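The next block is structure.cif, given as mmCIF, N, CA and C atoms.
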data_coords
loop_
_atom_site.group_PDB
_atom_site.id
_atom_site.type_symbol
_atom_site.label_atom_id
_atom_site.label_comp_id
_atom_site.auth_asym_id
_atom_site.auth_seq_id
_atom_site.Cartn_x
_atom_site.Cartn_y
_atom_site.Cartn_z
ATOM 1 N N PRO L 1 -11.311 10.468 -10.520
ATOM 2 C CA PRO L 1 -10.689 11.582 -9.775
ATOM 3 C C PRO L 1 -9.473 12.159 -10.495
ATOM 4 N N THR L 2 -8.820 13.117 -9.842
ATOM 5 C CA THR L 2 -7.643 13.782 -10.390
ATOM 6 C C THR L 2 -6.355 13.114 -9.910
ATOM 7 N N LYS L 3 -6.489 12.204 -8.952
ATOM 8 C CA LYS L 3 -5.342 11.492 -8.400
ATOM 9 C C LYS L 3 -5.859 10.263 -7.664
ATOM 10 N N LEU L 4 -4.956 9.377 -7.259
ATOM 11 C CA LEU L 4 -5.374 8.170 -6.558
ATOM 12 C C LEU L 4 -5.937 8.483 -5.174
ATOM 13 N N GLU L 5 -7.008 7.787 -4.818
ATOM 14 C CA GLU L 5 -7.665 7.985 -3.533
ATOM 15 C C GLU L 5 -6.870 7.361 -2.390
ATOM 16 N N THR L 6 -6.882 8.017 -1.237
ATOM 17 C CA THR L 6 -6.180 7.474 -0.076
ATOM 18 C C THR L 6 -7.177 7.085 1.007
ATOM 19 N N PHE L 7 -6.763 6.137 1.846
ATOM 20 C CA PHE L 7 -7.596 5.621 2.929
ATOM 21 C C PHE L 7 -6.722 5.318 4.126
ATOM 22 N N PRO L 8 -7.316 5.299 5.330
ATOM 23 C CA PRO L 8 -6.553 5.007 6.560
ATOM 24 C C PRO L 8 -5.888 3.642 6.484
ATOM 25 N N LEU L 9 -4.717 3.536 7.110
ATOM 26 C CA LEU L 9 -3.996 2.278 7.145
ATOM 27 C C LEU L 9 -4.891 1.148 7.645
ATOM 28 N N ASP L 10 -5.646 1.382 8.719
ATOM 29 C CA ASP L 10 -6.451 0.287 9.257
ATOM 30 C C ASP L 10 -7.478 -0.240 8.259
ATOM 31 N N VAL L 11 -8.016 0.645 7.424
ATOM 32 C CA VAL L 11 -8.989 0.231 6.417
ATOM 33 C C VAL L 11 -8.333 -0.608 5.317
ATOM 34 N N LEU L 12 -7.154 -0.197 4.881
ATOM 35 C CA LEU L 12 -6.472 -0.940 3.834
ATOM 36 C C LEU L 12 -6.018 -2.313 4.306
ATOM 37 N N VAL L 13 -5.622 -2.420 5.575
ATOM 38 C CA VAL L 13 -5.191 -3.691 6.096
ATOM 39 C C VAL L 13 -6.350 -4.599 6.460
ATOM 40 N N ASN L 14 -7.358 -4.036 7.108
ATOM 41 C CA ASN L 14 -8.440 -4.825 7.651
ATOM 42 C C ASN L 14 -9.785 -4.690 6.998
ATOM 43 N N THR L 15 -9.832 -5.115 5.748
ATOM 44 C CA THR L 15 -11.063 -5.071 4.973
ATOM 45 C C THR L 15 -11.050 -6.256 4.038
ATOM 46 N N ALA L 16 -12.201 -6.910 3.911
ATOM 47 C CA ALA L 16 -12.318 -8.037 2.999
ATOM 48 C C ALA L 16 -12.185 -7.487 1.580
ATOM 49 N N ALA L 17 -11.606 -8.291 0.692
ATOM 50 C CA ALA L 17 -11.407 -7.903 -0.706
ATOM 51 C C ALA L 17 -12.667 -7.318 -1.349
ATOM 52 N N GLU L 18 -13.790 -8.001 -1.156
ATOM 53 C CA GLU L 18 -15.062 -7.562 -1.717
ATOM 54 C C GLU L 18 -15.539 -6.212 -1.175
ATOM 55 N N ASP L 19 -15.102 -5.867 0.038
ATOM 56 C CA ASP L 19 -15.508 -4.624 0.682
ATOM 57 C C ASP L 19 -14.539 -3.460 0.468
ATOM 58 N N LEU L 20 -13.435 -3.718 -0.219
ATOM 59 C CA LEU L 20 -12.436 -2.687 -0.462
ATOM 60 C C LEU L 20 -13.008 -1.546 -1.305
ATOM 61 N N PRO L 21 -12.689 -0.287 -0.968
ATOM 62 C CA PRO L 21 -13.212 0.833 -1.763
ATOM 63 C C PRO L 21 -12.818 0.618 -3.222
ATOM 64 N N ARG L 22 -13.685 1.040 -4.134
ATOM 65 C CA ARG L 22 -13.401 0.867 -5.549
ATOM 66 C C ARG L 22 -12.112 1.563 -5.986
ATOM 67 N N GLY L 23 -11.742 2.640 -5.292
ATOM 68 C CA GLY L 23 -10.552 3.389 -5.645
ATOM 69 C C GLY L 23 -9.212 2.823 -5.202
ATOM 70 N N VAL L 24 -9.189 1.613 -4.657
ATOM 71 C CA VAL L 24 -7.928 1.015 -4.222
ATOM 72 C C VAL L 24 -7.490 -0.133 -5.133
ATOM 73 N N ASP L 25 -6.260 -0.054 -5.636
ATOM 74 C CA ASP L 25 -5.677 -1.136 -6.433
ATOM 75 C C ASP L 25 -5.282 -2.170 -5.353
ATOM 76 N N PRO L 26 -5.961 -3.323 -5.281
ATOM 77 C CA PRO L 26 -5.615 -4.318 -4.253
ATOM 78 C C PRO L 26 -4.194 -4.844 -4.286
ATOM 79 N N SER L 27 -3.533 -4.715 -5.430
ATOM 80 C CA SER L 27 -2.160 -5.191 -5.572
ATOM 81 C C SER L 27 -1.151 -4.110 -5.216
ATOM 82 N N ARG L 28 -1.625 -2.891 -5.023
ATOM 83 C CA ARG L 28 -0.729 -1.790 -4.697
ATOM 84 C C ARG L 28 -1.331 -0.924 -3.610
ATOM 85 N N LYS L 29 -1.742 -1.562 -2.517
ATOM 86 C CA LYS L 29 -2.380 -0.817 -1.449
ATOM 87 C C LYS L 29 -1.528 0.314 -0.922
ATOM 88 N N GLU L 30 -0.207 0.149 -0.945
ATOM 89 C CA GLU L 30 0.659 1.205 -0.441
ATOM 90 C C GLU L 30 0.484 2.546 -1.177
ATOM 91 N N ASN L 31 0.067 2.500 -2.445
ATOM 92 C CA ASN L 31 -0.136 3.739 -3.208
ATOM 93 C C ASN L 31 -1.332 4.528 -2.679
ATOM 94 N N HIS L 32 -2.159 3.861 -1.879
ATOM 95 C CA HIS L 32 -3.371 4.479 -1.353
ATOM 96 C C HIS L 32 -3.291 4.897 0.103
ATOM 97 N N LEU L 33 -2.084 4.835 0.656
ATOM 98 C CA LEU L 33 -1.840 5.330 1.999
ATOM 99 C C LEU L 33 -1.477 6.802 1.853
ATOM 100 N N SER L 34 -1.786 7.603 2.860
ATOM 101 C CA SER L 34 -1.365 8.995 2.850
ATOM 102 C C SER L 34 0.165 9.000 2.939
ATOM 103 N N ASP L 35 0.788 10.136 2.643
ATOM 104 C CA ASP L 35 2.242 10.193 2.705
ATOM 105 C C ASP L 35 2.697 9.884 4.109
ATOM 106 N N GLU L 36 1.947 10.379 5.083
ATOM 107 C CA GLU L 36 2.290 10.180 6.478
ATOM 108 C C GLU L 36 2.227 8.691 6.864
ATOM 109 N N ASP L 37 1.174 7.995 6.439
ATOM 110 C CA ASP L 37 1.075 6.577 6.755
ATOM 111 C C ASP L 37 2.126 5.778 5.983
ATOM 112 N N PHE L 38 2.419 6.158 4.739
ATOM 113 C CA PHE L 38 3.429 5.424 3.996
ATOM 114 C C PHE L 38 4.759 5.522 4.731
ATOM 115 N N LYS L 39 5.100 6.720 5.206
ATOM 116 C CA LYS L 39 6.353 6.932 5.926
ATOM 117 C C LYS L 39 6.398 6.124 7.225
ATOM 118 N N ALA L 40 5.298 6.127 7.978
ATOM 119 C CA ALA L 40 5.232 5.370 9.212
ATOM 120 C C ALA L 40 5.353 3.868 8.984
ATOM 121 N N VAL L 41 4.682 3.366 7.949
ATOM 122 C CA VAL L 41 4.688 1.937 7.674
ATOM 123 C C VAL L 41 5.981 1.417 7.069
ATOM 124 N N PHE L 42 6.507 2.118 6.063
ATOM 125 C CA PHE L 42 7.687 1.623 5.365
ATOM 126 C C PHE L 42 9.020 2.226 5.768
ATOM 127 N N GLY L 43 9.019 3.464 6.272
ATOM 128 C CA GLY L 43 10.258 4.072 6.737
ATOM 129 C C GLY L 43 11.209 4.500 5.644
ATOM 130 N N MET L 44 10.735 4.554 4.417
ATOM 131 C CA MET L 44 11.562 4.965 3.291
ATOM 132 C C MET L 44 10.679 5.751 2.343
ATOM 133 N N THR L 45 11.280 6.417 1.368
ATOM 134 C CA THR L 45 10.459 7.175 0.433
ATOM 135 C C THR L 45 9.707 6.232 -0.495
ATOM 136 N N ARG L 46 8.651 6.741 -1.131
ATOM 137 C CA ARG L 46 7.909 5.923 -2.070
ATOM 138 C C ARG L 46 8.801 5.479 -3.218
ATOM 139 N N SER L 47 9.698 6.363 -3.663
ATOM 140 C CA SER L 47 10.599 6.019 -4.753
ATOM 141 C C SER L 47 11.569 4.925 -4.326
ATOM 142 N N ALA L 48 12.059 4.999 -3.089
ATOM 143 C CA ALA L 48 12.987 3.965 -2.627
ATOM 144 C C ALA L 48 12.266 2.614 -2.555
ATOM 145 N N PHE L 49 11.020 2.617 -2.094
ATOM 146 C CA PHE L 49 10.281 1.364 -2.006
ATOM 147 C C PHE L 49 10.046 0.794 -3.414
ATOM 148 N N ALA L 50 9.696 1.685 -4.351
ATOM 149 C CA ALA L 50 9.446 1.282 -5.730
ATOM 150 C C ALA L 50 10.705 0.724 -6.390
ATOM 151 N N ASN L 51 11.869 1.111 -5.876
ATOM 152 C CA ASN L 51 13.135 0.631 -6.429
ATOM 153 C C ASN L 51 13.539 -0.739 -5.884
ATOM 154 N N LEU L 52 12.855 -1.216 -4.846
ATOM 155 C CA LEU L 52 13.142 -2.557 -4.358
ATOM 156 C C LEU L 52 12.538 -3.516 -5.384
ATOM 157 N N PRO L 53 13.089 -4.724 -5.509
ATOM 158 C CA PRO L 53 12.502 -5.669 -6.465
ATOM 159 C C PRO L 53 11.047 -5.908 -6.035
ATOM 160 N N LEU L 54 10.189 -6.192 -7.005
ATOM 161 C CA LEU L 54 8.777 -6.442 -6.714
ATOM 162 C C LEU L 54 8.586 -7.524 -5.668
ATOM 163 N N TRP L 55 9.358 -8.608 -5.728
ATOM 164 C CA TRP L 55 9.163 -9.648 -4.742
ATOM 165 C C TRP L 55 9.451 -9.173 -3.309
ATOM 166 N N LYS L 56 10.394 -8.239 -3.157
ATOM 167 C CA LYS L 56 10.740 -7.732 -1.844
ATOM 168 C C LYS L 56 9.666 -6.751 -1.372
ATOM 169 N N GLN L 57 9.132 -5.949 -2.285
ATOM 170 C CA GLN L 57 8.020 -5.064 -1.928
ATOM 171 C C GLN L 57 6.873 -5.936 -1.396
ATOM 172 N N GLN L 58 6.583 -7.033 -2.102
ATOM 173 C CA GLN L 58 5.511 -7.931 -1.689
ATOM 174 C C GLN L 58 5.805 -8.569 -0.352
ATOM 175 N N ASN L 59 7.042 -9.010 -0.143
ATOM 176 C CA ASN L 59 7.369 -9.659 1.119
ATOM 177 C C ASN L 59 7.203 -8.704 2.288
ATOM 178 N N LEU L 60 7.631 -7.462 2.112
ATOM 179 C CA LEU L 60 7.476 -6.491 3.187
ATOM 180 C C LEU L 60 5.997 -6.256 3.459
ATOM 181 N N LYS L 61 5.209 -6.135 2.394
ATOM 182 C CA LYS L 61 3.775 -5.893 2.557
ATOM 183 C C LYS L 61 3.037 -7.035 3.245
ATOM 184 N N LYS L 62 3.462 -8.266 2.997
ATOM 185 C CA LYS L 62 2.787 -9.403 3.600
ATOM 186 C C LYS L 62 2.760 -9.335 5.106
ATOM 187 N N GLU L 63 3.900 -9.065 5.716
ATOM 188 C CA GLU L 63 3.961 -8.997 7.165
ATOM 189 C C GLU L 63 3.130 -7.838 7.733
ATOM 190 N N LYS L 64 3.033 -6.777 6.944
ATOM 191 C CA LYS L 64 2.340 -5.562 7.327
ATOM 192 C C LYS L 64 0.839 -5.589 7.039
ATOM 193 N N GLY L 65 0.363 -6.710 6.486
ATOM 194 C CA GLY L 65 -1.050 -6.876 6.190
ATOM 195 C C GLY L 65 -1.521 -6.139 4.953
ATOM 196 N N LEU L 66 -0.600 -5.671 4.107
ATOM 197 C CA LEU L 66 -0.943 -4.904 2.913
ATOM 198 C C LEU L 66 -0.791 -5.656 1.591
ATOM 199 N N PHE L 67 -0.471 -6.943 1.641
ATOM 200 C CA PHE L 67 -0.288 -7.693 0.410
ATOM 201 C C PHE L 67 -1.620 -7.962 -0.260
#

Write out the structure in this file as structure tokens.
Amino acid sequence: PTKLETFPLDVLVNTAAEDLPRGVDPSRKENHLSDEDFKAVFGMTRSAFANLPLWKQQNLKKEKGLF
């Protein structure tokens, strides 16, 4: 594609690894949320989230089912 594919939050959270769409980086599911879902889930800009240390990004994602 011309850009990364997006999918509904429920699909990214509640799908077995083997069933995940091919267009989703399993280690960076947040990149595949729409802007609206990213804002609802994280409450900060994508750049602000990317500026958190990787371990903190992961910790936040774990509770949210996106790790």

So which residues of chain L fall under alpha helix (DSSP H) by DSSP, listed as an NGL selection string?
:L and (9-13 or 35-42 or 46-50 or 54-63)

I'd like to see the residues matched by the PyMOL selection byres ((chain L and resi 12) around 8) on this file, and ideally I'd get them as a ChimeraX atom specification.
/L:7-11,13-16,20-21,29-30,32-33,65-67

Could you tell me how far CA of residue 24 in chain L lies from atom C of residue 5 in chain L, in Å and to one decimal?
6.7 Å

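Pairwise distance (CA of residue 62 in chain L, CA of residue 40 in chain L) equals 16.0 Å.
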
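From atom C of residue 23 in chain L back to atom C of residue 6 in chain L, the distance works out to 7.8 Å.
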
Would you mind telling me which residue in L:64, L:47, L:42, L:58 lies nearest to residue 28 in chain L when using only C-alpha atoms?
L:58

Which residue is closest to residue 27 in chain L? Choose from L:57, L:1, L:49, L:44 and count only C-alpha atoms.
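Closest candidate: L:57.
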
Can you report as lines of an AutoDock Vina configuration file the centre and edge lengths in Å, to one decimal, of an axis-aligned box around the listed atoms of range 38-55 of chain L padded with 8 Å on each side?
center_x = 8.0
center_y = -1.2
center_z = 1.1
size_x = 27.1
size_y = 32.8
size_z = 32.2

Model the absent atoms of range 34-56 of chain L so that N, CA, C and O atoms are present, and write the result as a PDB file, in the frame of the given file.
ATOM      1  N   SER L  34      -1.786   7.603   2.860  1.00  0.00           N
ATOM      2  CA  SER L  34      -1.365   8.995   2.850  1.00  0.00           C
ATOM      3  C   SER L  34       0.165   9.000   2.939  1.00  0.00           C
ATOM      4  O   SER L  34       0.784   7.990   3.319  1.00  0.00           O
ATOM      5  N   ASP L  35       0.788  10.136   2.643  1.00  0.00           N
ATOM      6  CA  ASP L  35       2.242  10.193   2.705  1.00  0.00           C
ATOM      7  C   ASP L  35       2.697   9.884   4.109  1.00  0.00           C
ATOM      8  O   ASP L  35       3.714   9.210   4.322  1.00  0.00           O
ATOM      9  N   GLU L  36       1.947  10.379   5.083  1.00  0.00           N
ATOM     10  CA  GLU L  36       2.290  10.180   6.478  1.00  0.00           C
ATOM     11  C   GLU L  36       2.227   8.691   6.864  1.00  0.00           C
ATOM     12  O   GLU L  36       3.129   8.178   7.539  1.00  0.00           O
ATOM     13  N   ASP L  37       1.174   7.995   6.439  1.00  0.00           N
ATOM     14  CA  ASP L  37       1.075   6.577   6.755  1.00  0.00           C
ATOM     15  C   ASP L  37       2.126   5.778   5.983  1.00  0.00           C
ATOM     16  O   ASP L  37       2.677   4.826   6.524  1.00  0.00           O
ATOM     17  N   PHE L  38       2.419   6.158   4.739  1.00  0.00           N
ATOM     18  CA  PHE L  38       3.429   5.424   3.996  1.00  0.00           C
ATOM     19  C   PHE L  38       4.759   5.522   4.731  1.00  0.00           C
ATOM     20  O   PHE L  38       5.466   4.524   4.890  1.00  0.00           O
ATOM     21  N   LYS L  39       5.100   6.720   5.206  1.00  0.00           N
ATOM     22  CA  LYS L  39       6.353   6.932   5.926  1.00  0.00           C
ATOM     23  C   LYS L  39       6.398   6.124   7.225  1.00  0.00           C
ATOM     24  O   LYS L  39       7.418   5.515   7.547  1.00  0.00           O
ATOM     25  N   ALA L  40       5.298   6.127   7.978  1.00  0.00           N
ATOM     26  CA  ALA L  40       5.232   5.370   9.212  1.00  0.00           C
ATOM     27  C   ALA L  40       5.353   3.868   8.984  1.00  0.00           C
ATOM     28  O   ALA L  40       6.037   3.176   9.737  1.00  0.00           O
ATOM     29  N   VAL L  41       4.682   3.366   7.949  1.00  0.00           N
ATOM     30  CA  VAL L  41       4.688   1.937   7.674  1.00  0.00           C
ATOM     31  C   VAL L  41       5.981   1.417   7.069  1.00  0.00           C
ATOM     32  O   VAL L  41       6.487   0.392   7.513  1.00  0.00           O
ATOM     33  N   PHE L  42       6.507   2.118   6.063  1.00  0.00           N
ATOM     34  CA  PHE L  42       7.687   1.623   5.365  1.00  0.00           C
ATOM     35  C   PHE L  42       9.020   2.226   5.768  1.00  0.00           C
ATOM     36  O   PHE L  42      10.047   1.568   5.630  1.00  0.00           O
ATOM     37  N   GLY L  43       9.019   3.464   6.272  1.00  0.00           N
ATOM     38  CA  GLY L  43      10.258   4.072   6.737  1.00  0.00           C
ATOM     39  C   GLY L  43      11.209   4.500   5.644  1.00  0.00           C
ATOM     40  O   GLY L  43      12.359   4.792   5.927  1.00  0.00           O
ATOM     41  N   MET L  44      10.735   4.554   4.417  1.00  0.00           N
ATOM     42  CA  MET L  44      11.562   4.965   3.291  1.00  0.00           C
ATOM     43  C   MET L  44      10.679   5.751   2.343  1.00  0.00           C
ATOM     44  O   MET L  44       9.456   5.773   2.493  1.00  0.00           O
ATOM     45  N   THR L  45      11.280   6.417   1.368  1.00  0.00           N
ATOM     46  CA  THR L  45      10.459   7.175   0.433  1.00  0.00           C
ATOM     47  C   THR L  45       9.707   6.232  -0.495  1.00  0.00           C
ATOM     48  O   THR L  45      10.067   5.048  -0.641  1.00  0.00           O
ATOM     49  N   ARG L  46       8.651   6.741  -1.131  1.00  0.00           N
ATOM     50  CA  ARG L  46       7.909   5.923  -2.070  1.00  0.00           C
ATOM     51  C   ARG L  46       8.801   5.479  -3.218  1.00  0.00           C
ATOM     52  O   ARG L  46       8.675   4.358  -3.715  1.00  0.00           O
ATOM     53  N   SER L  47       9.698   6.363  -3.663  1.00  0.00           N
ATOM     54  CA  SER L  47      10.599   6.019  -4.753  1.00  0.00           C
ATOM     55  C   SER L  47      11.569   4.925  -4.326  1.00  0.00           C
ATOM     56  O   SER L  47      11.858   4.010  -5.091  1.00  0.00           O
ATOM     57  N   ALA L  48      12.059   4.999  -3.089  1.00  0.00           N
ATOM     58  CA  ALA L  48      12.987   3.965  -2.627  1.00  0.00           C
ATOM     59  C   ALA L  48      12.266   2.614  -2.555  1.00  0.00           C
ATOM     60  O   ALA L  48      12.819   1.586  -2.925  1.00  0.00           O
ATOM     61  N   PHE L  49      11.020   2.617  -2.094  1.00  0.00           N
ATOM     62  CA  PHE L  49      10.281   1.364  -2.006  1.00  0.00           C
ATOM     63  C   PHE L  49      10.046   0.794  -3.414  1.00  0.00           C
ATOM     64  O   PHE L  49      10.197  -0.412  -3.647  1.00  0.00           O
ATOM     65  N   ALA L  50       9.696   1.685  -4.351  1.00  0.00           N
ATOM     66  CA  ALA L  50       9.446   1.282  -5.730  1.00  0.00           C
ATOM     67  C   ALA L  50      10.705   0.724  -6.390  1.00  0.00           C
ATOM     68  O   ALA L  50      10.626  -0.048  -7.344  1.00  0.00           O
ATOM     69  N   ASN L  51      11.869   1.111  -5.876  1.00  0.00           N
ATOM     70  CA  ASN L  51      13.135   0.631  -6.429  1.00  0.00           C
ATOM     71  C   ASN L  51      13.539  -0.739  -5.884  1.00  0.00           C
ATOM     72  O   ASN L  51      14.485  -1.353  -6.368  1.00  0.00           O
ATOM     73  N   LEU L  52      12.855  -1.216  -4.846  1.00  0.00           N
ATOM     74  CA  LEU L  52      13.142  -2.557  -4.358  1.00  0.00           C
ATOM     75  C   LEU L  52      12.538  -3.516  -5.384  1.00  0.00           C
ATOM     76  O   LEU L  52      11.595  -3.162  -6.094  1.00  0.00           O
ATOM     77  N   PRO L  53      13.089  -4.724  -5.509  1.00  0.00           N
ATOM     78  CA  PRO L  53      12.502  -5.669  -6.465  1.00  0.00           C
ATOM     79  C   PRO L  53      11.047  -5.908  -6.035  1.00  0.00           C
ATOM     80  O   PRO L  53      10.713  -5.859  -4.828  1.00  0.00           O
ATOM     81  N   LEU L  54      10.189  -6.192  -7.005  1.00  0.00           N
ATOM     82  CA  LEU L  54       8.777  -6.442  -6.714  1.00  0.00           C
ATOM     83  C   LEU L  54       8.586  -7.524  -5.668  1.00  0.00           C
ATOM     84  O   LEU L  54       7.719  -7.390  -4.801  1.00  0.00           O
ATOM     85  N   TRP L  55       9.358  -8.608  -5.728  1.00  0.00           N
ATOM     86  CA  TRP L  55       9.163  -9.648  -4.742  1.00  0.00           C
ATOM     87  C   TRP L  55       9.451  -9.173  -3.309  1.00  0.00           C
ATOM     88  O   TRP L  55       8.857  -9.648  -2.353  1.00  0.00           O
ATOM     89  N   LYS L  56      10.394  -8.239  -3.157  1.00  0.00           N
ATOM     90  CA  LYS L  56      10.740  -7.732  -1.844  1.00  0.00           C
ATOM     91  C   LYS L  56       9.666  -6.751  -1.372  1.00  0.00           C
ATOM     92  O   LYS L  56       9.326  -6.736  -0.200  1.00  0.00           O
TER      93      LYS L  56
END
